[PDB]
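part one of the assembly, not moved from where it sits:
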Amino acid sequence: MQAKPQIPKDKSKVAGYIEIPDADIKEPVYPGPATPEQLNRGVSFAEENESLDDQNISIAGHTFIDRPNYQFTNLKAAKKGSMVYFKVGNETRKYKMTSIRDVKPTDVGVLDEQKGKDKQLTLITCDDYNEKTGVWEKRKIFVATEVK
């Protein structure tokens, strides 16, 4: 009877949306993985089989110097104590940035998916673009604690 949202086969449908008031951002949520094909629409779940109720829901997206309304360009402005909202189907969950870190361009472990008691929302936003090697050197990924 109640709502029952589930990443369907419409890899083309936003599974939901995401916004942050302290960062002033509002964008769609497409199904993982954040592979180029998906990143073509919006912040996709850093992982394909992400769960609607995963102990850690990760998401990733490129950044834009000339565009703060991009995937995660205006995030660098948001920080701890930041109230984060996650909208999906007719349900609106909530998270609050509890931890933030960075790592070389290969620490995939950022997907950080272990804490379950207090689920979380692993944010992933790449930046520090290099023009010599033509690639992103530093990686930015914030974790958020479920509060709803």
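Noted; the coordinates are in hand. Numbering: from 1, shown residues only, chains lettered A, B, ... in the order given.

surely residue A:110 is in a helix?
Yes. Under DSSP: H, G, I helix; E, B strand; the rest coil, residue A:110 falls within a helix.

how far away is it from residue A:65?
Distance of residue A:110 to residue A:65, computed by Cβ to Cβ, to the nearest Å: 22 Å. For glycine as for every other residue, the C-beta is placed from the backbone atoms N, C-alpha and C.

repeat that for residue A:120.
Relative to residue A:65, residue A:120 is positioned 28 Å away (Cβ to Cβ).

now for chain B:
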Amino acid sequence: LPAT
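Okay, chain B now, added to the rest:
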């Protein structure tokens, strides 16, 4: 880590 995804997101290039």
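
spell out which residues of chain A are next to chain B.
Taking Cβ under 8 Å from any Cβ of the partner chain as the criterion, chain A approaches chain B at residues A:33-36, A:39, A:44, A:46, A:60-62, A:71-72, A:103, A:105-108, A:110-111, A:124-126, A:135-136, A:139, A:141.

which among these count as buried?
Buried subset of those (neighbour count, 16 or more other Cβ atoms under 10 Å in any protein chain shown): A:33-34, A:39, A:44, A:46, A:60-62, A:71-72, A:110-111, A:124-126, A:136, A:139, A:141.
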